[PDB]
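Asker: What follows is a single structure, and I will ask about it in a moment.
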Amino acid sequence: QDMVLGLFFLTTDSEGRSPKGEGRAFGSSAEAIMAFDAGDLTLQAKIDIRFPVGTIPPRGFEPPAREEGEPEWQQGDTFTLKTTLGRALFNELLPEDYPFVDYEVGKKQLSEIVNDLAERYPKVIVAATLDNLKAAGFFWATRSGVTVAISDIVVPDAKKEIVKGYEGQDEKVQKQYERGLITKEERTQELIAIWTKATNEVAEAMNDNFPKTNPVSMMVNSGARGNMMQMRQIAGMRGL
Amino acid sequence: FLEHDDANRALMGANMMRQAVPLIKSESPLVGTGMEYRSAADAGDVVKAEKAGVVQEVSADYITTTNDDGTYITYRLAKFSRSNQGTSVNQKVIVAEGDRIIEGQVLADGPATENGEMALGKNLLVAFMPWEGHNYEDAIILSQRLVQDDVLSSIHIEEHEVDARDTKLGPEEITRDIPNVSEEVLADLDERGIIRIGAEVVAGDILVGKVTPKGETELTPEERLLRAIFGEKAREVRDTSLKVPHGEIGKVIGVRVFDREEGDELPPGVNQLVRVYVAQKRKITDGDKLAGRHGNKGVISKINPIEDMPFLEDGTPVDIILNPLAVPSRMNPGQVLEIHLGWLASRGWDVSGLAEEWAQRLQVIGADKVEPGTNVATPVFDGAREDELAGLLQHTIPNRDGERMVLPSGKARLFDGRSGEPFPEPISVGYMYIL
Amino acid sequence: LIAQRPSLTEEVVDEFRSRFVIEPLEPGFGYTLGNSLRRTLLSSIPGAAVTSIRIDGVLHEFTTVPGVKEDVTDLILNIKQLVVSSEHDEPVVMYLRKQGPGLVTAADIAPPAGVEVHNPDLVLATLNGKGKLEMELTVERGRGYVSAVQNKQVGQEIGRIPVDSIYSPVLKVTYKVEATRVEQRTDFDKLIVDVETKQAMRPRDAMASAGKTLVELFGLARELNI
Amino acid sequence: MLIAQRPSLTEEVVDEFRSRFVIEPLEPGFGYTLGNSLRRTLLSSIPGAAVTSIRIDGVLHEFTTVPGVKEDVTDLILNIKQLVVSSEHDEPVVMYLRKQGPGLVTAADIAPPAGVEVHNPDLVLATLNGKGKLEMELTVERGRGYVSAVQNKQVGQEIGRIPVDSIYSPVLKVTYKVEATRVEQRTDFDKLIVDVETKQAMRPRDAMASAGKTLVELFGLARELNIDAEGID
Amino acid sequence: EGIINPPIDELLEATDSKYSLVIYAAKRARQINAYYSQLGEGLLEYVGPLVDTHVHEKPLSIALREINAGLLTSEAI
């Protein structure tokens, strides 16, 4: 509910906010935190960051390396990396031997690495890492700024038009039932099918309207809690 | 705002409101439907007048009124008498000395009532945000001001009694000379073996001393030796005195005694019956279930100090935090709607010569120029529409120095109390009625 | 790189509301400084408050004094917003006595030498012609908030009833920041702290006490080293 | 009124530059007042010296390649800003570095002028292939805290000159966590743990002394309002 | 300063099962408690704590510490 929402905000790419200080190179992960404290850099922004000895790089980074005429073993020495400060912070929670993870974390990928840790590592490391994730997750859930307000739940603009078109479509069936050309039982089956199609159409219009940065969508896309049809009947029509 | 709530959560919300306990000083809801007043007067707890007269003598225990013919009737107000579930039914007095009265007007306030209107709770400053995990999975965060300023605290009156019955071996005696007891344990007992009025008690304390008449004791040799050594007397009695139940505290407030030898009628066998009323003042603590009106409920998880509370741009710490993760999934956005209107009720609004469309329906209603603190009523299916609330939020009165702390969206800037650094984006805030 | 020593400047906006500012503070430091000052100023300032009372013919707060429309429990609540200042480190008794009809007010309470009441206008109760009120109040001095449960210390005196006490005389505190006019990329910030206090004590000595507490704590870091 | 148990800073050293500090029993709620304020000043207020601009012969700002050296500009810029220098001139000072031939140029071979000390001669700056041709001059400046790179028209006067982000603070990072402790049957007492990691110039325990002194004067500025007393010891 | 102070992975590899470990620590804990309750008889068969002991401690806590050292040996009959 909260931990997964926090980590999703912490590890996500830019444009979620104003990505200030993006596209620059930093001497160490410590210096990035210095820039963040001053407010120049933001937590979600692509940056070039160096990395101390012993931190394993990504599995696909093992064949490529830096440009030198000599053989190199980049697996446990210095290496730059294209990432965001938040992803650098997140990886420090995981144990040191673990390879770097560079994608937005969500819920499915989050469950995977816990499952991966349980297989390849001793029990004590698994228990300790979850506590680190708990602390980081709760801390950033506060700073994430998810809320609810009357202006957060935006009704689809197109909706009003979409419902009226179906009503006119509906009404001919009602009209052609008044003249006896169709039985009521057949009419009920045909109307339910017509209405079911309508609920999907207004869902699609609403799903396009919402921006990815607002609270209500963010805590469903992340896998925190809720489901799409629940979000539909708060803003779009409930349906049958 | 019932129409905005799901039917499932509304069921819980209506059921909860038959569980709210009365508080020390009841306060009318800032925003709420107009039916709460009628529901109080028709129920019998509030004391209304049967005549149209002039109040003549106002006092806490009783109030005297005089009708135009000349007849006097004195209403005797109940005061701190136990209910079936063990809550006070204390009655206040609302009218002054020389006020004119009309028939059916409310003379005395009741338990969980205010000016004749129903009042089951208080109205706190709520902010919607996760906060360090202390309000994870429906739990509540409360500022320590509420325990300090007695905002949520309730009297509780327990009553427990014993009977001095006549048995085969003899009668039980309600007496102070209990055997094998220290001197300091029976310190607050009165002369005849009843705890004095006002004597604060703890768990295990003796309320009324009582001793069984006899037992057939077949003494072991070691006990026989001990009786000789200590110069004791067996006294042919065993202690069966009434004692305070485990996990219970309180200040004694009243004792009733019924005697066989007196004119009082008793069941067969019982020579004497004594009942003791122990009353305590419970303060709001962790675990104490708290709830709103729209089926949102939780246990208190932590009571932060007033400094640690996330405060507003004018220093005002929010009295209660609430998780936003709960609201979308449970489908009760009525509580967010109530919050927005609650902020408007607390800090008034001005609409004069604005000539706006949403305002036009309100203009005949009269709810255009509203002062701070005043109540507003939204009936259960003809309530204010969402265009009005959006519009009303745009023009809230600046409370002090010329600024409006809440933005048009209904959200405000929150300064973190702990780390000091401002929260990165606005937070929804307003006034919510909490039971 | 530039060296500029901090300087505090004070201004008065009201008899019990005042603004204090520090102009030259380091970047990203104004918010943190004001909060530390706010947290200390709100939490721990010494003040004085009523810690128990006594009423004739009353053995607990639940009963009612004949003649007064306000119940004893309502009197407990209403007394709680009285504000007093006591110079004596030891407990001092205070006496209220009233007969006949009228509005008993905080003004009527007789203060001993060195303890002064500051809100005489506050209403305690209302008496009719038949009523009679005679009260003893115990004033102590302390800091923070202390519940009545720890306030009870006398058992034999059944007439006494304790009350929870709020010592802190500060009402609210508010800090803002800006950027200084001095021309650097750093943009040094100027903290501005608004302090509002009850009529017990001036905001000047109130914030003086806050500064007093903090320097001992922050001095501990430096002196215990080297 | 007196504090029941006086606090006491204690030291725990794990490396010659990283250390941890624990604060003994403290008044409830004071773990966060003291803790966050300490972190900011220790990171910002303490003065130090670090480079502020670099100048390489015969290169442009956009011309990211440098002949005769395997590494690029960015790894050169990164490595040079890492370097720690102690300076006391209190004005900008220029440091020269001219090396030829193949090999590895380090912080040791730089020649510093009077009043500028290089603390860590071990650091590797660049690798040379064939004829070295490496000549590069940088500007040291004493400063405070952290500041982002800015253009001072130094590119206009000479195209080779470029600014760099500077780390004036001797400390690298400070992570503080507050926990609860139980003293004389009360658990509402806050223990503060401050972890200080600092660069090779300054010793971390001495760093907290400088940070501590800066806070005492700044909060002793509030004593001048009026003389007041508080229960201590 | 916790139950998890002797890690479980180190203890598990010594005993090769999980149910074996709990009875093995418990049998030893019964012995060391019985040693402390001699109160002056000083019977030869009992053996005290092999590792050093805190001023107050639970005998089961001592037993698990002994397994981590590995000095103690178990054999199924």
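Residue numbering restarts at 1 in every chain; chains get A, B, ... in the order shown in the structure tokens, and ligands count up from 1 in that same order.
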Per residue of chain D within 6 Å of chain C, what are the shortest atom pair and its distance in Å to one decimal, counting only C-alpha atoms, with rows by chain and residue number, as JSON lines?

Answerer:
```
{"residue": "D:33", "atom": "CA", "partner": "C:36", "partner_atom": "CA", "distance": 4.8}
{"residue": "D:37", "atom": "CA", "partner": "C:32", "partner_atom": "CA", "distance": 5.9}
{"residue": "D:143", "atom": "CA", "partner": "C:1", "partner_atom": "CA", "distance": 3.8}
{"residue": "D:144", "atom": "CA", "partner": "C:1", "partner_atom": "CA", "distance": 5.1}
{"residue": "D:209", "atom": "CA", "partner": "C:222", "partner_atom": "CA", "distance": 4.4}
{"residue": "D:212", "atom": "CA", "partner": "C:222", "partner_atom": "CA", "distance": 4.9}
{"residue": "D:216", "atom": "CA", "partner": "C:215", "partner_atom": "CA", "distance": 5.3}
{"residue": "D:219", "atom": "CA", "partner": "C:211", "partner_atom": "CA", "distance": 5.5}
{"residue": "D:222", "atom": "CA", "partner": "C:211", "partner_atom": "CA", "distance": 5.1}
{"residue": "D:223", "atom": "CA", "partner": "C:208", "partner_atom": "CA", "distance": 5.2}
{"residue": "D:225", "atom": "CA", "partner": "C:208", "partner_atom": "CA", "distance": 5.7}
{"residue": "D:226", "atom": "CA", "partner": "C:205", "partner_atom": "CA", "distance": 5.5}
{"residue": "D:228", "atom": "CA", "partner": "C:209", "partner_atom": "CA", "distance": 5.7}
```

Asker: Can you check which residues of chain B have any atom within 8 Å of chain A? Use only C-alpha atoms and format it as a list in words.

Answerer: residues 128, 129, 130, 131, 132, 133, 136, 137, 324, 325, 327, 328, 329, 331, 336, 337, 390, 409, 410, 411, 423, 424, 425, 426, 427 and 428 of chain B

Asker: Could you write out the selected residues, including C-alpha atoms, as a PDB file, in the first residue's frame?

Answerer:
```
ATOM      1  CA  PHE B 128      -4.450  13.602   3.468  1.00  0.00           C
ATOM      2  CA  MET B 129      -0.951  12.149   3.100  1.00  0.00           C
ATOM      3  CA  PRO B 130       0.998   9.045   4.052  1.00  0.00           C
ATOM      4  CA  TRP B 131       3.263   9.999   6.906  1.00  0.00           C
ATOM      5  CA  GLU B 132       6.230   7.752   7.784  1.00  0.00           C
ATOM      6  CA  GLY B 133       4.090   4.612   7.831  1.00  0.00           C
ATOM      7  CA  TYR B 136      -0.421   2.634   7.052  1.00  0.00           C
ATOM      8  CA  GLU B 137      -3.427   0.331   6.498  1.00  0.00           C
ATOM      9  CA  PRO B 324      -5.009   8.667   0.897  1.00  0.00           C
ATOM     10  CA  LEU B 325      -4.396   5.040  -0.157  1.00  0.00           C
ATOM     11  CA  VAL B 327      -9.983   6.543  -0.299  1.00  0.00           C
ATOM     12  CA  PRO B 328      -9.977   5.462  -4.016  1.00  0.00           C
ATOM     13  CA  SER B 329     -10.289   1.738  -3.347  1.00  0.00           C
ATOM     14  CA  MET B 331     -15.090   4.315  -3.164  1.00  0.00           C
ATOM     15  CA  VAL B 336     -13.059  14.390   0.520  1.00  0.00           C
ATOM     16  CA  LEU B 337     -16.100  16.462  -0.485  1.00  0.00           C
ATOM     17  CA  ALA B 390     -15.251  24.190  -6.686  1.00  0.00           C
ATOM     18  CA  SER B 409      -7.881  23.070  -5.963  1.00  0.00           C
ATOM     19  CA  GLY B 410      -8.558  22.591  -2.252  1.00  0.00           C
ATOM     20  CA  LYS B 411      -4.972  21.713  -1.346  1.00  0.00           C
ATOM     21  CA  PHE B 423       6.746  19.057   1.501  1.00  0.00           C
ATOM     22  CA  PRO B 424       7.350  19.134  -2.269  1.00  0.00           C
ATOM     23  CA  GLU B 425       3.753  19.484  -3.474  1.00  0.00           C
ATOM     24  CA  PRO B 426       0.429  20.582  -1.933  1.00  0.00           C
ATOM     25  CA  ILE B 427      -1.669  18.399   0.351  1.00  0.00           C
ATOM     26  CA  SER B 428      -5.443  18.281   0.687  1.00  0.00           C
TER      27      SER B 428
END
```

Asker: Dump as a list in words the residues of chain A that approach chain C to within 12 Å, counting only C-alpha atoms.

Answerer: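 The answer, sorted by residue number, is residues 34, 35, 36, 37, 38, 39 and 40 of chain A.
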
Asker: Could you list the residues in chain B lying within 6 Å of chain C, using only C-alpha atoms, and format the result as JSON, numbers by chain?

Answerer: {"B": [59, 60, 198, 307, 314, 315, 420, 421]}

Asker: Would you save the residues of that selection, restricted to N, CA and C atoms, as a PDB file, in the first residue's frame?

Answerer:
```pdb
ATOM      1  N   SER B  59     -29.977  27.094  37.459  1.00  0.00           N
ATOM      2  CA  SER B  59     -28.994  26.443  38.311  1.00  0.00           C
ATOM      3  C   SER B  59     -28.587  25.162  37.610  1.00  0.00           C
ATOM      4  N   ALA B  60     -27.551  24.514  38.133  1.00  0.00           N
ATOM      5  CA  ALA B  60     -27.061  23.310  37.476  1.00  0.00           C
ATOM      6  C   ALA B  60     -28.010  22.140  37.679  1.00  0.00           C
ATOM      7  N   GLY B 198     -15.316   9.860  46.952  1.00  0.00           N
ATOM      8  CA  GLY B 198     -14.181  10.614  46.494  1.00  0.00           C
ATOM      9  C   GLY B 198     -12.872   9.894  46.660  1.00  0.00           C
ATOM     10  N   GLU B 307       4.720  19.723  18.152  1.00  0.00           N
ATOM     11  CA  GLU B 307       5.765  20.249  17.280  1.00  0.00           C
ATOM     12  C   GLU B 307       5.981  19.354  16.064  1.00  0.00           C
ATOM     13  N   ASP B 314       0.863  29.288   8.236  1.00  0.00           N
ATOM     14  CA  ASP B 314       0.660  30.165   9.380  1.00  0.00           C
ATOM     15  C   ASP B 314       0.854  29.426  10.712  1.00  0.00           C
ATOM     16  N   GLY B 315       1.576  28.315  10.709  1.00  0.00           N
ATOM     17  CA  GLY B 315       2.008  27.710  11.946  1.00  0.00           C
ATOM     18  C   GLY B 315       1.023  26.748  12.574  1.00  0.00           C
ATOM     19  N   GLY B 420      11.728  19.923   8.982  1.00  0.00           N
ATOM     20  CA  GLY B 420      11.675  21.342   8.723  1.00  0.00           C
ATOM     21  C   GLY B 420      11.472  21.749   7.281  1.00  0.00           C
ATOM     22  N   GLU B 421      11.955  20.989   6.362  1.00  0.00           N
ATOM     23  CA  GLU B 421      11.902  21.327   4.948  1.00  0.00           C
ATOM     24  C   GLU B 421      10.496  21.109   4.390  1.00  0.00           C
TER      25      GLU B 421
END
```

Asker: Measuring between only C-alpha atoms, which one of D:183, D:105, D:150, D:176 shows the shortest distance to chain B?

Answerer: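 Looking only at the distances to chain B, the closest residue turns out to be D:176.
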